[PDB]
Structure formats: C-alpha cells, structure tokens
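What follows is each chain in one-letter form.
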Amino acid sequence: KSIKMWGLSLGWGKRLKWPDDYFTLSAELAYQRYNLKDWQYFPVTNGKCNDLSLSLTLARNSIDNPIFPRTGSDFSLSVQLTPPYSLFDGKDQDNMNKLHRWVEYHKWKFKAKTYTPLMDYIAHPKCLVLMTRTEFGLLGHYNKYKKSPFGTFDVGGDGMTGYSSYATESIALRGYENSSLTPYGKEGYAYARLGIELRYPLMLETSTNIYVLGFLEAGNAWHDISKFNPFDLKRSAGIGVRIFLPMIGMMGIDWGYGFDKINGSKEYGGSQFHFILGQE
Amino acid sequence: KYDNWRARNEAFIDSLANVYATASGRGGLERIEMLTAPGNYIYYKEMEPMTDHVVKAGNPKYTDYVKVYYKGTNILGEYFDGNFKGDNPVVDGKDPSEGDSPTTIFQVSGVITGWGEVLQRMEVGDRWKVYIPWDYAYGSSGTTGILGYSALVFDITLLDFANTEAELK
Amino acid sequence: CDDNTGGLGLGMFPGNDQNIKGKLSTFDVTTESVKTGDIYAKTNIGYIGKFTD
Amino acid sequence: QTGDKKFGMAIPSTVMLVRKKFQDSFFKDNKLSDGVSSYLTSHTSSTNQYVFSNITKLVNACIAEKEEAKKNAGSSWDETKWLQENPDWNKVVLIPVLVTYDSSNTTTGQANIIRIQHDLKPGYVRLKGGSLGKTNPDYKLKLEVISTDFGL
Amino acid sequence: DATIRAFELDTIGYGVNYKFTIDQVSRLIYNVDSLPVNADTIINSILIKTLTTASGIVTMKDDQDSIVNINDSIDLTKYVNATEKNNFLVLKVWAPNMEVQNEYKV
Amino acid sequence: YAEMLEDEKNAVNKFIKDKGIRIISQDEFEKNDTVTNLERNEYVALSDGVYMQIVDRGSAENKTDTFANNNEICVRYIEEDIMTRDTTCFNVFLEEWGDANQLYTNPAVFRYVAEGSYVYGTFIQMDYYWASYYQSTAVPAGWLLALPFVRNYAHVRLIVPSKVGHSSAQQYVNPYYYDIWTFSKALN
Amino acid sequence: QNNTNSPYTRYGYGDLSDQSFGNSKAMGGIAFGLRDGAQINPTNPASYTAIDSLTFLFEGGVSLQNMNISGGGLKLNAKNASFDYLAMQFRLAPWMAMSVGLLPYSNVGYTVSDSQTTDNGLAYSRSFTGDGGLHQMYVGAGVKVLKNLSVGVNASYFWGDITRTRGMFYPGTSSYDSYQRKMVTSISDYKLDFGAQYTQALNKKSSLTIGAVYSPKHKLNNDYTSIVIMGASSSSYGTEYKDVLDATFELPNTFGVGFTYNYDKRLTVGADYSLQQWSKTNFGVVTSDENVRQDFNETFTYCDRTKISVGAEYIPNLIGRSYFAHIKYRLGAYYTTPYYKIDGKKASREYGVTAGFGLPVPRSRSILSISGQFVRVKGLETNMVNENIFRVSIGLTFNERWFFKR
C-alpha cells in the first residue's frame, strides 16, 4: 500500500521591451504521473493518472535587495492550461477513478508584493519598511463533473508542511493551525490571501541577516469556485522574527492570534505558533 | 444569570446561619455539629416522617451502607440528580405520567462530606431537607452539572442501613 | 472580532420571520391489556421446565 | 417489582411499539424495525420508563392514510363511517422483543440489528394507565408534541 | 482539621479480610463478623494497615503517651471481646493543628 | 505488485481450460428457457465476472417458494482454491474426513437483504470451519447473484472472482470455486 | 459577519458599501467631481485621465469599526473589521488611461438570538442569522475628447450570495428535531457605469471642475432557493427539502452630480449629490406557497436612497522643510436617507462627520491615508434600533516610475 509520483518539466524565459524593460515573460511545459492502489487520502483510490500542462507567466520585479527589500514591487500573473479532453477534441465512489485517466483543469493566479520605506532610507540605511501582499487563485474546470482531483489548493498554517505531498499546492495562512481551512473532502478550488507587514532589521551583514516584524493577515479558501468572495475572510494578527544563516536558508518564528472561527468551530483559532524554514 | 456564584451561595448559607440565631421558632431550622470540623454546623429542616419504617433504631455508621430516596438541587431550585423529580418521592403514584421511584444504595464513606456527616445522625425513615456549604460539597471546580463553588440543597429519605449490600439490596 | 449583535434587530424584520413561535401541547392516550393471540415464535432455543409465581 | 424475591421475573429490557395493522405480519415476514411504522426502546431503570421520544413519522403516516382515503372518496366521504370501520387505524401495541446484533465492524463500532423476535423467556412488568382511563381521566396517559408555529 | 478514618487489618486466613465498622458519633471501632476460634494464635503478632487520617500522629496511653508504631506488628490478644471486663485498645488521634483532640476505643 | 495481481483472469482461464467447461452468455441463458446443460458442462457468464452453473434449480414440484428479501438461508458448500488447486473450506460430509464430527454437523446461515440497490448478506451462524479460519461475517457477494435464478433446495456451482469474494479473497486477490450442495430457507 | 453587524441588513441586499477610496473617505465621499491625480477614483470613470505620464498606481485599504447599538432600553456594542478596495491604474496614451480593480457593493451581517420559556414549562430558543453579500470586479477606461472634457466607462462583473436563516431550538430536551429555513440568493450578472468630467480655468490660478455619473436600470440573472432543514444536530446533517423559485432581481437607475473648487494647488473644496431610483424597481417571486411569497415581498422592498456630502483638503506650504507642511489635511460630512422600508414606512436616517490625513513617504510618491469617521443612524419609528458607529481607515497608494524607457 503506497502512492507513487514522478514527473519532469522544461521552461523558457525572456525579457520584454513593450511596457518597460523590467517585465519578464516565461513559458513552461510539464508532465506528471500518479500511481496508486488501495490509497485513501485522495479521492482517487486505484489507478494511474496523467497530465500535460502549458503555463504562461507574466512578471515584473523592481526591488533592490533580495533578502531585505526596501523599494520596488514584485507582480506576477499566471495561467496554466491542460488540453480540454471533455470537448470535441476528446469527446466521450461511483465512477470517479474513471474518466480521470487524463485530468483536466485551467488554473489562474495573481500575486503582488509592494515594499515601501517609512523613514527616508539611504541615510541610516538600517531603515524601517512597510510591506504588503495580495494573492488570488482559481482552479477552473472545463466540465462541471470532470473536476480535477490533483493540483488543488491547501491553506492554513506554515505552508511548508504541505511539501510532504506533491499533488497539491500549499498556501500559508498565519494564525490558523495547519491545513485547517481545507480539510478532507473540502479541497480548495479558489483562495485569497491578503495582508500588511511592518518590518525592522536588527542586523544586515554578509554572513547573517536578521529582522523582526508585526503583521495583519487575512485569508480564505472555497471548495466551490462559484462561491468565491474576497470580502469574507478569516482575519488574523501577530508578531515574528527571521534569521538568515551563512550556509542555510531562512529560519524564523511567527506567533499569530486567529480571530474568526472556521466552519462554525472556534477550535482552530486563538493563539498559534508557526516555525518557518527554507523560504516562503 | 449565574453571575458572582460563590459570593451569593455563601450569602445564602450565612442567611440560614443567622436566621437560626435570630428568628422566632428558629425559622424552622435545626442544626448539627460536624465531626470533620468541630465548631462548624450543617443546617437542616425536619419533615413528615415515613409510615413504613423497617424498624431499625439507631443511626448509620461511617463505613456501612444506606438505602434512600433522594433529590439534589441548587440554590435556585433547579435539578441536579436524584431518584425523584417532583416534590415528593413516588410510590403507588396515581399520576400515569410519573413512575414509582427506585431506591438507591450508597456507602456513607463514599459520598460527599455533607452527606457523610448528616447520614450518621438520621434514624430510619426520617425525612430531612439539608443545606450544605460548598466547603463540604464537591467544592472548587465541581462535578459534571455543577458550576463550581455551589451550595447544594438535598431532600433525603432514609429507608434502611446495613453493614453489607447483600443484606440490604 | 464580534459575532452576535445580541437581539437588536427583531422588530424590524418582516412579519413572516418574527411571528414564528414554538409551542408545546399535549393529547390524551388510553391504554388497555389485550390477549396475545396465536403468535409466530420460530426460535431455535427449546425451553424445558416449570416454575410457580 | 413486588415481593423482593431472589429468583423472580425481570422487567423486559427491550420492547417494540408497532401499529396494530402489522401486529402479526411483522414477525411472520421477519421484518426489521421500519422507523415509519415501528420503534424500539430500552427500559430506563433510573426512572422506570419506556420512552420513545419521537414517533412523528408514525403520526404522519396515519394522517396521510386518512387524508388519502378522504381524497379518494371525494364528495361521498363520511368521517364517522370511516372511523367506525377500520377501527385499528390509530392503534399501536407494545410487545416484548429479543433483539440481536452483528459482531463485525467491531473497531469502527456500529452494531447493526439483524434479527428481531418475540421474547420467550419469563418476564413481566406492570404499567400505569388502564381500561378505566376510557372513562376516568386520572388513569390516562399524555402524549407530548412540540412544533413550530408560523402564525399564518 | 479533620479525623477521617479507613481503619483496616490484614489477612488472617489466606485471602480472608475482616471488615470493621466505624462509629464516629460514639467513638468506637469493632468488627461485625467475629473472628474464628482459631484466630487467638494468629493475632498474637499481627499487622495493622490503612489507618489513614488527616494527620498520622496517633498515640496510646502508657506514665506516658507513646507514639503508635503504624509500620510494625502488634499483639492484639489482650483486646478481644472488650464489652465486659472492659479492656479496649483505646488510642488518641491528633488534628493537624494539634488543637482538636479525640480518642477512639477498639 | 499492485496491478499485476489482477491477472486472476489468467488463472480462471487456466481453471476453465483444464476441464470440460463451456461458456454461455446471459442473453442465451435466459432464452433457452433457463438451464445450463450438464452433459455439455455449460456455465453462464454472470454479472461482475461470476461464472455459474445450476445443477438443480430446486423445488421442482412447488415452483413458487423462491428466495426474497428478509429471508434467512442455510448454505452447505465445499470451497476450492483456484490458484493452488486445494480444498480450502467446507461444511459437508465426505468419507475422507468422515470422523471429524465438528466440521460438518452445523451449516452456515445468513440473512438476505434485497432493497432497491446494493444486495448484501450477513452470516447469523457461521460453520465451525469458517468461524475458526476466516472469522468474518460478510457473505461472498458472488453467491447473492445466484439467488434470483434458483428456488428452494437448489444445487449450484460457482466461480467467484476477487472483486466479489470474501474478506480474504478481496485482500490477497484470489478467485475461488464453490460447489453449493444446497440453499435452503431456514426452518426453526 | 466581516463587514457589518447592523440588523437592518436583514432587508434588501444589506447596506450598500461606498467604494470611496482614501482621499474621499476622509472628505465625506465627494467623489464625482474629484480629479486628485495622485490617488485612484473608481466612482467616476472620467477621473482616470489625470494620472502622470510614467506612473503606475496600486491602491488598497482596511478599516476597523465599533458599533454601539441601542434600542428599547438595551445597550450593547460590537466590533468588526473589513477590506474595502483594491485597484490598479495606468496610462495608455497622452489622452487615455485604464484601471482594473475589485470592490464591494453590499454586505450583510447579523446574528440576533432569543431565549424563552412557555407557561407549560417548555424552554425554547430562536436564532436568526445572515451572511454574504454582493461584490464587483471591474475594468474601466477614460478618454479626453476635448482639452477640457473627459468621458469614461466601467464594465463590471457583478456576483454574490446572500444567505438568511431562522431557527427553533429546544435546549435541555433529550431528543428532538430542530427546524431551520435557509433562504439563499446567488447572483451572477454584469453592471455598466458611465461618467463625464469638465474642468474650467478660473482666474489663472484656480480651477473648478464639475462631474456627473450614471448607471442604467438592470435585471439580474440569479438562483433564488428556499431550503428548509429538518433534524440537524451536532452529529447529523438532517434532511434538506430544497425548493427552487423564479425570482426577479434588479438594480435601479442611479444619478450623481457634484463640483470641486481648487486654488493654487493648496486647497480644494467640493460637494456631491446622488439619487438611486430604488422605489421604481419590480422585485418579485412567483410560487404557490404564500409564506415564502410574503417573506420575499417583505424582505425585498425599497425606497429611494439619496446622499448629500461636502468636504475639503488643505496642503500648506508644500515646499518648506517641515514634514507637517507635506501632510494633506482632510475634513467632511454627509447625510443619507437609507433605502430601508420596514412596515410601510421608511426606516432610518443617518449622519456622518469625517476627518483624516495624507501622510507622504519621503523620497517617494506613495501616500498613506489614515482617516476616521463617526456615523449615527437614527430609527424613525419606536420599535427600531439606533446606532453610533466609529471607524479608522488605513490605505496606501503605492506609486512607482513604471513605463520608463531609454
């Protein structure tokens, strides 16, 4: 009893000249295969599934420092199709391990960040900055019944915990346990994540870099795309610190208090701790 | 509703304690010294004695068993537990919506200190209504169904007491 | 983050919402003893013995 | 129970309430409890009660039967005649039953019923209310119904 | 400052324990089921247990008030059938504040 | 192995070709009245891959007391393993084990449930051998497909693939062959 | 319950949110005649043509609130927080600009409960809740047809879901079935909005602008449904007896007009007026069940909404070296007759006073727009509640040099 996943991809990037010379376009083609028998945490239980996906991503990046940015912005707009076998191109638990020999979807994303200094900068370059985030996502379907069991969104907590699995996309939402808003049978087909942050660095050096922050997040996710509602969100707040190591990536500590309930239960709210590693 | 529960429960006990000391006819109250804390008192009210006594003179001991009809209520009169739910135990009850009450067996050393003190001074077939402080009830956090720091009021009928259950059940 | 507004609001809701009530009512049932008849037993246990009540 | 006898008869632990139309057909056809026509309950020794707690489906079934009869008869209906015939339309009987369960699905425990049959070991109990309740209201049970009133 | 009690005694016959009633109003202890005739050779040196109370300091009159040897064995043959020629094992139990005073006769 | 175990069809084909056995489609079985001829060793290809032969349709004089919902049915059988050709389970008398009185004295009995979908059945009494060996109360689903085609006191022979076998056949993916000497309506 | 707790939101589409961005939220909502080129303004599409040549503006916003709610001698307060806008804006030509953004239109939020006991001794509890709202996502453009005159349009996707429940629960009862009816209205259609602006060069240093805005009457694609749930509990889902209905929903004709005076780029003052023709809309449903029909006709009924607002901002001596000379100072006040009809008569009447700042980031052209607002809603009949609501409002107009080329 096990679950088998493997795949590969190839991509090609290019700097543009139309809006400005900061824009970069990227195109990528990917392949993946999932192999299973008597497995139970996915809706699929017995069989083998494939997917060919073509992605176009338009991005613009204008920040100064990767590790502690202080000016500029980082915008991304992405769309990811797989061919529509449900239409005339391909034409013709009850029968759910059926019809997903090939899975079908088209996934959309928008992702923007925006860093401003609040005390001049250049002078006393240690500075203090205000950040800002705004992420939206949709996993649409060509056919109402042949919705994809793979590639769905999973939200709540550190986000890193989801990379124990590779058939889903994990989204951090700080202050809410882990994978709390998207439990079994309520996989996310649309999401929204917003949130300010105010940050101050303690030390900036060649080997190690340190900063402390207070946040104000807000996010949600829906099992049904037709009920997407970016003004109905599970709010938060808190404080945290991060560390950059000479020979390792980030490690950091975040505390957050979840304010709203989830599915009528307050069990997942309240004080929570998150332990970030690598990089978000 | 349940605001400042401890202070008002203690005030209820103090009301009974000083009524016994100032009112005419003692306000109907009577009291017993408590052997686990000499100088403290438990307050009770005498009621209609039974008419089917099993003629067992004397009083129960600390380490022997007891058969009772009982009902437990809080200061506001709301139900906690017991064998009966009306204002009297039911035997040969005329009303077809209420059944005849069962009898329950207890060990005097296996119950709260208020019961353990008052049961050692009843004689078979007495009916008493008793008023116990939260110090000698479950106390502090309380059990299931108790809001903590609660003064319970019990209605007790002593039917029988014996050294073992097998000669009593 | 409050989620209650208490009870302020009823009195301006439409009539068919704020008129709904609950109720308890009771009705009388008679009972009597009846003979068993010729029941269909069909059990695998066989009963042997006697006792007096 | 009377007499405090050592080896006396016990109170039936499980009883079934069934519409009198199915009194003998239920056991002859080896049916299981229907939900809309029969119910099972255990004795509550802490209060000396058999309580069924929601028999709404049976009431709706009886109401639907009489309403359908009235709808089919139309203008030639007579309420008194139809209550004078079919006298066991609104009658139920209480029967001691022996109920047995399956043992599998044990760890994810469910305990399905697989056979209901007449209780044939010796046992009895004396219930309140009686035939005198046909005339004297002291000896008559009460049925309690709670509902939502829309005020229309 | 209480004087709660659970007074007990160990196996006289193999696996046989005898139950003691505790009359706190009249301040005395006894076993309802009398010991067998054989027992006067067994309780010649026997062990007391489960003499739990709010504060374990307990003494018996001897002139002196010597402390009980709760962990050690005792000769009880002097204290049998004490209702006439009355010769109870009479012992004193102290409250945790040493203010409240009590005696019990066995 | 995961998918390679579903090669049970190779073993069933081996078990078929090793003997004189002919296959009839259900659309032919239901049109030559209803019989699998025993001189020609016919078997019907039933639903879910069950192959079934009726040796005696049962109750030939009464013809009316067929099986139906809420019945309790007594089964006597001998079970043969397809992958290794071995008698694995039985509750019937044969001289080679005649003196083993525990094995064959009591039958297996099950309740038959036939509501609008999902026919299933539960053992009320398991035979000593099944009760000690397999220890599960769920009837092989392949048996229940045969009831609508037979009457009381019928004799049928079945080949049951893993998808509709019992709790061992479904895990170790093993088809089985049953020589059902008798289906009976339960008395007392 | 992410934008409101006012129990007036049990009627209609809730209460309409004003999509007033940072500068207008402090200036009382005078958004029709404004041409403040440093911040975004979706309320009049003709305003987009004021943006500086090389710039890209990205505005957002939060808001916190504390509603003091009073009625019948009872007093209570309730605190929520919201998300009020997000929008991008950029220039396509020396004479055209475009914007895309995400806005709220109306929200609902209420929980109002109750606990009772009958004379026969039965205790029972009721619970009337509500959740959801209507939202708007838009793409718009504005063009200069003459040196003084600009026109523009917003084309918007317009979707939402409003859910409203009634319950009847019996605490302490051993086993029973709870009754709950959940009426839901999903909507998914489009919305068109039109506007124009004209600027006049008074006295060589001042300027006066006038603006108007219009959106036509519309009928909405929808999925109105009447669910009644029976027997749900902490362990079971109960049964759902759904019921799908042919309801008709609409949006009214809306008109708005205003002006803004401006002097030496140091001072601006202005005032707006708007009217929405809600009482000339044909809401209705067709069904055989009178209870449902009566609810629809009593919950979706309206009166004409009107709004009057005035405001100003002042920026003193912006070239002197002192930070308080760079801060935009803002003030405003407004009056509204909400569209609520409860019983046959009009429900409420509301007032508001607002103030805020315009904090600029040094060595950048980003603006942080901390603002605050006191609003009082007075019930016009004795059985209805009064509200005193207070609200801070954070918002940041990012702004960076974007379309530059060598």
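Residues numbered from 1 in each chain as written, not as in the entry; some residues may be left out. Chains lettered and ligands numbered in written order. Part of a larger assembly, values for the part shown. Heavy atoms only, no water.

The deposited coordinates derive from cryo-EM, with the record listing a resolution of 3.46 Å.

Chemist: Just give me the short version of the overall build of chain G, but keep the residues and values in it.
Modeler: A tally of regular secondary structure across chain G gives two helices and 27 strands. The C-alpha atoms of chain G give a radius of gyration of 24 Å, which matches the 22 Å a tight globule of 406 residues would have. Along the three orthogonal principal directions, the C-alpha set of chain G runs to about 80 × 45 × 40 Å. Each of the 406 residues in chain G was classed as buried or not, and the buried ones make up 53%. (Helix = DSSP H or I, 4+ residues; strand = E, 2+ residues; numbered from the N terminus. Rg over C-alpha atoms; globule rule 2.2 N^0.38 Å. Buried < 20%, exposed > 50% of the residue type's maximum accessible area, 1.4 Å probe, protein only.)

Chemist: Residue-level account of the overall build of chain D, with values.
Modeler: For chain D, the count of helices and strands is three helices and six strands. Going residue by residue from the N terminus, the α and β elements of chain D occur as β-α-β-β-α-α-β-β-β. A compact globule built from 152 residues should have a C-alpha radius of gyration of about 15 Å, whereas chain D, at 19 Å, is more than 25% larger. Each of the 152 residues in chain D was classed as buried or not, and the buried ones make up 21%. In chain D, the share of contacts with a sequence separation of at least 24, taken over all contacts with a separation of at least 6, comes to 51%. Accessible surface computed for chain D: about 10300 Å², of which carbon and sulfur atoms make up 51%. The positive charge centre, built from 20 side chains, and the negative charge centre, built from 16, are 6 Å apart in chain D. (Contact = heavy atoms within 4.5 Å. Areas by Shrake-Rupley, 256 points an atom, 1.4 Å probe, with all protein chains shown as cover. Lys, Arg positive; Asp, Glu negative; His and termini not counted. Charge placed at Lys NZ, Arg CZ, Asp CG, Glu CD.)

Chemist: Quick rundown of the sheet that holds strand β18 (residues 284–286) of chain G? Include the residues and the values.
Modeler: Strand pairs in the sheet, formed through backbone hydrogen bonds, run parallel or antiparallel to each other. All names here are of chain G. Here we have three strands laid out as an open sheet, ordered β12-β15-β18, and antiparallel in their pairing. What marks the edges here is a single partner per strand, and that holds for β12 (218–220) and β18. Adjacent strand axes in the sheet meet at a mean angle of 25° when their direction is disregarded. With three bridges connecting them, β12 and strand β15 (residues 246–251) associate as antiparallel partners. Paired with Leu 220 across the bridge in β15 is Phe 249. Docked against the sheet, helix α2 (residues 290–299) engages β15 and β18, running at close to 170° with respect to β18. (Pairing = 2+ DSSP bridges. Axes fitted to C-alpha atoms, helices over the stretch in contact; angles between N-to-C directions.)

Chemist: Got a sec to walk through the side chain of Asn 41 of chain G? Specific residues and values, please.
Modeler: Residue and element names in this part refer to chain G. In this structure, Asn 41 sits in the loop between α1 (22–26) and β2 (55–59). Within the structure, the side chain of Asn 41 is placed 2.9 Å from the backbone oxygen of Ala 31, a separation counted as a polar contact. Look past the residues within four positions of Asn 41 in its chain and what remains in contact with it is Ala 31, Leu 34, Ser 47, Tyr 48 and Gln 89. (Polar contact = N/O pair within 3.5 Å; in protein donor to acceptor, adjacent residues only side chain to side chain.)

Chemist: Before we move on, can you summarise the interface of chain C and chain G with the specific residues and values?
Modeler: Across the boundary between the two partners, chain C contributes 23 residues, which contact 38 residues of chain G. Carbon and sulfur atoms supply 59% of the area buried between chain C and chain G, which totals about 2700 Å² over both sides. Summed over the shared surface of chain C and chain G, the result is one salt bridge. Inspection of the region where chain C meets chain G yields 10 residue pairs in polar contact. Contributions of two or more residues to the side of chain C that touches chain G are made by β1 (8–11), α1 (15–18) and β2 (21–29) of chain C. Split into classes, the residues belonging to the side of chain C that touches chain G amount to eight nonpolar, 10 polar and five charged. (Buried area = accessible area lost by both parts, 1.4 Å probe. Salt bridge = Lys/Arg side-chain N within 4 Å of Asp/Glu carboxyl O. Nonpolar A, V, L, I, M, F, W, Y, C, P; charged D, E, K, R; others polar.)

Chemist: So what's going on with empty space enclosed by the protein? Which residues, and what values?
Modeler: All names here are of chain G. Its volume calculated, the largest cavity comes out at about 750 Å³. Looking at the largest cavity, it is lined by 37 residues, and the ones nearest its centre are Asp 15, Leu 16, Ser 17, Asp 18 and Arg 391. Looking at the lining of the largest cavity residue by residue, the classes come out as 14 nonpolar, 14 polar and nine charged. Taken as a whole, the second largest cavity spans an internal volume of roughly 600 Å³. (1 Å grid on protein atoms, 1.4 Å probe; cavity = no way out; pocket = protein on both sides within 12 Å on 5 of 7 lines; lining within 4 Å. Points joined across faces, edges and corners; volume = space filled by probe spheres on them.)

Chemist: Describe the pattern of salt bridges, with residues and values.
Modeler: Think of it this way: side chains of opposite charge can pair up when their charged atoms draw near. In total, this model carries 47 salt bridges over all chains according to the counting rule given. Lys 37 of chain A is paired through a salt bridge with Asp 38 of chain A; the nearest N and O atoms lie 3.5 Å apart. The partner of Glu 103 of chain E in a salt bridge is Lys 105 of chain E, and the shortest N-O contact between them spans 3.5 Å. Owing to a relative accessible area of 34%, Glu 103 of chain E belongs among the partly exposed residues under this scheme. Within this structure, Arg 133, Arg 174, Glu 197, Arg 242, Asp 254 and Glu 280 of chain A form a network of salt bridges that share partners.

Chemist: Mind laying out the arrangement of the chains, listing which residues take part and the relevant values?
Modeler: Among the 10 pairs of chains in contact, the pair with the most contacts is chains C and G. At the level of C-alpha atoms, the two units chain A and chain B stay apart, their nearest approach being 22 Å. Taking C-alpha atoms as the reference, chain A and chain D come no closer than 16 Å and do not contact one another.

Chemist: Lay out the sheet that holds strand β1 (residues 14–19) of chain D with the relevant residues and their values.
Modeler: Residues and elements named next belong to chain D. Within the open sheet, the five strands sit side by side as β3-β2-β1-β4-β5. Their pairing is antiparallel. The open sheet is flanked by β3 (49–50) and β5 (113–118), the only strands paired with a single partner. Sheet strands touched by helix α2 (residues 56–73): β1, β2 (38–44) and β4 (92–101). Its angle to β1, the strand with the most contacts, is close to 15°.

Chemist: Any details on the side chain of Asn 44 of chain G? Residues and values, ideally.
Modeler: All names here are of chain G. Relative to the elements of secondary structure, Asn 44 occurs in the loop between α1 and β2. You can call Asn 44 buried: its relative accessible area is 0%. In this structure the side chain of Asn 44 is engaged in a polar contact, spanning 2.7 Å, whose partner is the backbone oxygen of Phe 32. Each residue touching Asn 44, except ones within four places of it in the same chain, is listed here: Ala 31, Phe 32, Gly 195, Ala 196, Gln 197, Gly 211 and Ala 212.

Chemist: How would you explain the interface of chain D and chain G if you had to name every residue and give the values?
Modeler: With seven residues of chain D in contact, the opposing surface of chain G contributes nine residues. Summed over both sides, the interface between chain D and chain G buries roughly 660 Å², with carbon and sulfur atoms accounting for 62% of that surface. At the boundary of chain D with chain G, the tally comes to zero salt bridges. Taken together, chain D and chain G are joined by two residue pairs in polar contact.

Chemist: Go over a nonpolar patch on the surface, please, and point to the residues and values.
Modeler: Residue and element names in this part refer to chain G. The grouping of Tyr 198, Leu 208, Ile 210, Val 257, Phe 259, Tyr 273 and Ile 308 at the surface amounts to a nonpolar patch, some 600 Å² of accessible area in total. Secondary structure elements with two or more residues in the nonpolar patch: β11 (206–215) and β16 (254–263). With respect to the element layout, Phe 259 can be found in strand β16. (Patch = residues over 30% accessible without salt bridge, like charges linked within 9 Å, V, L, I, M, F, W, Y side chains within 5 Å.)

Chemist: Just give me the short version of α2 of chain G, but keep the residues and values in it.
Modeler: Of all the residues in α2 of chain G, the buried ones are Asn 291, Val 292, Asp 295, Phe 296 and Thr 299 of chain G. For α2 of chain G, the angular spread of buried residues about the axis comes to 135°, placing them on one side. Looking at the buried positions of α2 of chain G, the neighbouring elements they touch are α1 of chain C together with β9 (149–169), β10 (179–200), β13 (225–230), β15 and β18 of chain G. Put simply, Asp 289 of chain G is the residue that caps the front of α2 of chain G, since its side-chain oxygen is 3.2 Å from the backbone nitrogen of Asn 291 of chain G. (Arc of directions from axis to C-beta.)

Chemist: An account of the pairing of strand β17 (residues 267–276) of chain G is requested, with residue identities and associated values reported.
Modeler: Residues and elements named next belong to chain G. Taken together, the 10 bridges between β16 and β17 define a ladder with antiparallel strand orientation. Across the sheet, the residue bridging to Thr 254 is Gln 276, located in β17. The turn joining β16 and β17, which pair antiparallel and follow one another in sequence, is formed by three residues; a positive phi near 55° is taken by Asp 264. Bridge analysis of β17 against strand β19 (residues 305–314) gives 10 bridges, and the strand direction is antiparallel. Residue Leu 275 lies in a different strand from β19, and its bridge partner there is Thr 306.

Chemist: Describe the environment of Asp 81 of chain B, naming the residues involved and giving the relevant values.
Modeler: All names here are of chain B. Residue placement: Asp 81 occurs in strand β4 (residues 79–82). With 80 residues separating them along the chain, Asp 81 and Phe 161 place their C-alpha atoms 21 Å apart. Apart from the residues lying within four places of it in its own chain, the contact partners of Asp 81 are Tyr 70, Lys 71, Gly 72 and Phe 154.

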